[PDB]
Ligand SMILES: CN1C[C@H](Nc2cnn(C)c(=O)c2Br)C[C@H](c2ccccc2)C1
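Encoded as structure tokens, the following chain is the form deposited without the named molecule, with no partner shown.
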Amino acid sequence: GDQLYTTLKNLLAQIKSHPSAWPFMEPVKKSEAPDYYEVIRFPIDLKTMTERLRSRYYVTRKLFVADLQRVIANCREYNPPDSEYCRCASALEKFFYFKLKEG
């Protein structure tokens, strides 16, 4: 497979493996929280990362970084501060940056 794609796929797999991914897996349920998309007019989630990756959105890892940071941002913006969601996003962030430092 293409080196970048494969790297990002592995990185994404690691991200999904990292428990803290849990809240951000699927898109926010429009039926329940439509307001997510109306406020956070910058949608992303890990399924969407997978879609974008498959769609070769991430022409450079920098864009993956940006979008993952977008998940973190979206979370912290939308959810009340210092929540389980914030903690999860923070664990995700640290884990992610750790993976980046590893490779």
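When you see a residue number, it is the position in the sequence shown, counting from 1.
Just so you know, the form solved in complex with the named molecule exists too; it's not on screen, but the next bit is about it.
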Query - Proximity of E32 to the named molecule in the entry with it bound, heavy atoms at 4.5 Å - result: yes
Report task. Evaluate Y85 for contact with the named molecule in the entry with it bound, applying a 4.5 angstroms cut-off between non-hydrogen atoms, and reply yes or no. Result -> yes
Requested in this report: Classify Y36 as contacting or not contacting the named molecule in the entry with it bound by the rule of any non-hydrogen atom within 4.5 angstroms, answering yes or no.
Outcome: yes
Report task. State yes or no: in the entry with it bound, is some non-hydrogen atom of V28 no more than 4.5 angstroms from a non-hydrogen atom of the named molecule? Result -> yes
